[PDB]
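Remarks on the structure that follows.
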Amino acid sequence: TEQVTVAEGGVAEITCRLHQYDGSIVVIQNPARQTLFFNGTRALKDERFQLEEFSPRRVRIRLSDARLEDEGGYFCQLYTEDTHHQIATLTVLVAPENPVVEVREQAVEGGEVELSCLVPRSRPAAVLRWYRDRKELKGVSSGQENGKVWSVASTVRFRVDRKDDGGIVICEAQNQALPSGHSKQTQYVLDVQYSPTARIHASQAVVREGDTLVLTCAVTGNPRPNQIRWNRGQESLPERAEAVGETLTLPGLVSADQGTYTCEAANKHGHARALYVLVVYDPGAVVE
Ligand SMILES: *[C@@H]1O[C@H](CO[C@@H]2O[C@@H](C)[C@@H](O)[C@@H](O)[C@@H]2O)[C@@H](O[C@@H]2O[C@H](CO)[C@@H](O)[C@H](O)[C@H]2NC(C)=O)[C@H](O)[C@H]1NC(C)=O
């Protein structure tokens with residue numbers, strides 16, 4: 001009895017070996033033990049079954065668009081009841097689709113991200129594996145059979161911080177219906193929110209009276225801060241100051257412009273403020 005295996009909707013071939021062909025009538029039966037081919041003639045009105053070869057050595061039939069209901073034993077016997085012989089058992093497989101990946105809720109630095117991965121239909125039951133940066137994560141899985149096909153789900157949960165924002169997680173599904181070594185994969189991009197940062201970088205290390213200084217405020221955060229605020233301790237920004245987004249330009253600096261300058265930004269997880277100490281040296285000061 002030949003073990004024959006097809007992917008759902010694919011093509012299988014079933015062959016009856018006959019030995020010293022008498023010329024008598026060959027009955028081929030399906031898994032319900034209903035006559036499917038009477039000698040060379042199809043006995044059931046199913047256009048997916050086609051006689052392919054009736055030679056002195058074998059009778060071969062082809063099945064197109066294989067369905068789960070086609071599974072079971074197929075038989076070949078002489079109408080004279082020489083023997084009830086099973087000549088094949090058909091098994092129909094179902095490969096997983098690319099898995100569906102979801103997240104429980106918005107992940108926030110300091111908290112957890114919780115992901116699920118689901119394959120709704122596979123046969124045999126797909127195996128689900130989680131990867132991050134080539135390294136496998138340990139998840140938790142469950143599945144069940146719904147008729148002849150299995151639904152399988154897996155979940156993983158881990159702490160995140162801002163370094164994980166934008167990181168890629170892979171869920172990978174495998175089963176025997178896929179060619180050896182191959183996989184069905186789904187990528188998921190982490191979105192981790194975090195409180196902002198602010199840092200000032202100045203266009204010069206040493207500032208002299210007469211200089212034009214540019215301060216640049218580098219900001220991070222998720223969500224992205226919408227607005228940079230520039231300010232100064234104790235008193236107002238110099239009259240010539242030009243605060244345009246992330247840059248503060250201080251032209252024509254004079255001694256009285258010295259002081260502490262700040263840039264600040266915010267998102268829904270908090271504020272960040274950077275401070276810059278501005279020293280303005282007269283032309284004769286010895287600094288370096
Ligand atoms: C049952 O069928 C076999 C197979 O041949 C069938 O008939 C062929 C002529 C052709 O129409 C094919 O499509 C069929 O599969 C019969 O064996 C054949 O007998 C015929 C006699 O006309 C001759 O064509 C072939 O040489 C034979 N082929 C083989 C492989 O033996 C067989 O006689 C049929 N049996 C009965 C009881 O009717």
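We name chains A, B, ... following the order of the structure tokens; residues begin at 1 in each chain, and ligands are numbered from 1 as shown.
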Surrounding residues as a count of residues only, ligand 1, max 7 Å, only C-alpha atoms and all ligand atoms: 10
May I have the residues within 8 Å of residue 269 of chain A as a PyMOL selection string, using only C-alpha atoms and disregarding those fewer than 3 positions away in the same chain? chain A and resi 194-196+266
Convert the current residue selection to file output with N, CA, C and O atoms, as a PDB file, in the first residue's frame.
```pdb
ATOM      1  N   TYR A 194       9.093  56.472  25.319  1.00  0.00           N
ATOM      2  CA  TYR A 194      10.031  56.806  26.381  1.00  0.00           C
ATOM      3  C   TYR A 194      10.101  58.312  26.572  1.00  0.00           C
ATOM      4  O   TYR A 194       9.898  59.090  25.632  1.00  0.00           O
ATOM      5  N   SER A 195      10.394  58.702  27.806  1.00  0.00           N
ATOM      6  CA  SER A 195      10.546  60.103  28.156  1.00  0.00           C
ATOM      7  C   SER A 195      11.726  60.733  27.405  1.00  0.00           C
ATOM      8  O   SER A 195      12.684  60.042  27.043  1.00  0.00           O
ATOM      9  N   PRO A 196      11.676  62.038  27.146  1.00  0.00           N
ATOM     10  CA  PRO A 196      12.623  62.662  26.211  1.00  0.00           C
ATOM     11  C   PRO A 196      13.987  62.962  26.835  1.00  0.00           C
ATOM     12  O   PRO A 196      14.198  62.869  28.041  1.00  0.00           O
ATOM     13  N   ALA A 266       9.276  68.257  25.517  1.00  0.00           N
ATOM     14  CA  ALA A 266       8.394  67.412  26.299  1.00  0.00           C
ATOM     15  C   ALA A 266       7.617  66.474  25.389  1.00  0.00           C
ATOM     16  O   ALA A 266       7.373  66.777  24.217  1.00  0.00           O
TER      17      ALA A 266
END
```
Test item, strand (DSSP E) assignment across segment 54-278 of chain A, answer as a PyMOL selection string: chain A and resi 54+58-63+72-78+85-93+100-103+107-108+112-122+127-132+135-137+140-146+149-159+168-174+184-189+192-202+213-222+229-232+242-244+247-250+259-267+270-278
For atom CA of residue 5 of chain A and atom CA of residue 186 of chain A, determine how far apart the two atoms are, in Å to one decimal place.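 Distance between the two atoms: 27.1 Å.
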Under the rule of at most 7 Å, produce a per-residue listing of segment 97-148 of chain A near segment 161-184 of chain A: chain, number, name, the closest pair of atoms, and the distance in Å, as a Markdown table, using only C-alpha atoms.
```
| residue | atom | partner | partner_atom | distance |
| --- | --- | --- | --- | --- |
| A:97 | CA | A:184 | CA | 6.6 |
| A:98 | CA | A:184 | CA | 5.0 |
| A:99 | CA | A:173 | CA | 6.8 |
| A:109 | CA | A:161 | CA | 4.0 |
| A:110 | CA | A:161 | CA | 5.7 |
| A:117 | CA | A:171 | CA | 6.6 |
| A:124 | CA | A:175 | CA | 6.4 |
| A:125 | CA | A:175 | CA | 6.7 |
| A:126 | CA | A:175 | CA | 4.8 |
| A:127 | CA | A:174 | CA | 5.3 |
| A:128 | CA | A:173 | CA | 4.7 |
| A:129 | CA | A:172 | CA | 5.1 |
| A:130 | CA | A:171 | CA | 4.7 |
| A:131 | CA | A:170 | CA | 5.0 |
| A:132 | CA | A:169 | CA | 5.1 |
```
Since we have the selection now, will you write its residues out, keeping C-alpha atoms, as a PDB file, in the first residue's frame?
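Output contents, as saved in result.pdb:
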```pdb
ATOM      1  CA  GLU A  97       0.270  31.014   6.048  1.00  0.00           C
ATOM      2  CA  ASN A  98       2.600  33.744   7.244  1.00  0.00           C
ATOM      3  CA  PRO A  99       1.726  34.103  10.941  1.00  0.00           C
ATOM      4  CA  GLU A 109      10.129  51.978  28.593  1.00  0.00           C
ATOM      5  CA  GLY A 110      10.298  50.319  31.979  1.00  0.00           C
ATOM      6  CA  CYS A 117       1.635  34.946  16.974  1.00  0.00           C
ATOM      7  CA  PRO A 124       0.208  18.805  10.754  1.00  0.00           C
ATOM      8  CA  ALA A 125       0.206  21.428  13.531  1.00  0.00           C
ATOM      9  CA  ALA A 126       2.702  24.163  12.769  1.00  0.00           C
ATOM     10  CA  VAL A 127       5.524  24.909  15.194  1.00  0.00           C
ATOM     11  CA  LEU A 128       6.002  28.571  16.135  1.00  0.00           C
ATOM     12  CA  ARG A 129       9.364  30.093  17.048  1.00  0.00           C
ATOM     13  CA  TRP A 130      10.288  33.633  18.111  1.00  0.00           C
ATOM     14  CA  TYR A 131      13.532  35.383  17.134  1.00  0.00           C
ATOM     15  CA  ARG A 132      15.249  38.653  17.996  1.00  0.00           C
TER      16      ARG A 132
END
```
Closest of A:276, A:188, A:75, A:261 to residue 100 of chain A, counting only C-alpha atoms, is A:188
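Counting only C-alpha atoms and comparing A:33, A:60, A:121, A:48, the residue that lies closest to residue 73 of chain A is A:33.
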Using only C-alpha atoms, which of the listed residues (A:146, A:231, A:226, A:154) sits closest to residue 118 of chain A? A:154
For residue 44 of chain A, find every residue with an atom within 12 Å (counting only C-alpha atoms), except residues of its own chain fewer than 5 positions away, and show them as a list in words.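 Everything that qualifies: residues 28, 29, 30, 34, 35, 36, 37, 38, 49 and 50 of chain A.
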I want to know what sits within 12 Å of residue 115 of chain A, based on only C-alpha atoms, with residues of the same chain fewer than 6 positions away left out; could you give that as a count of residues only? 28
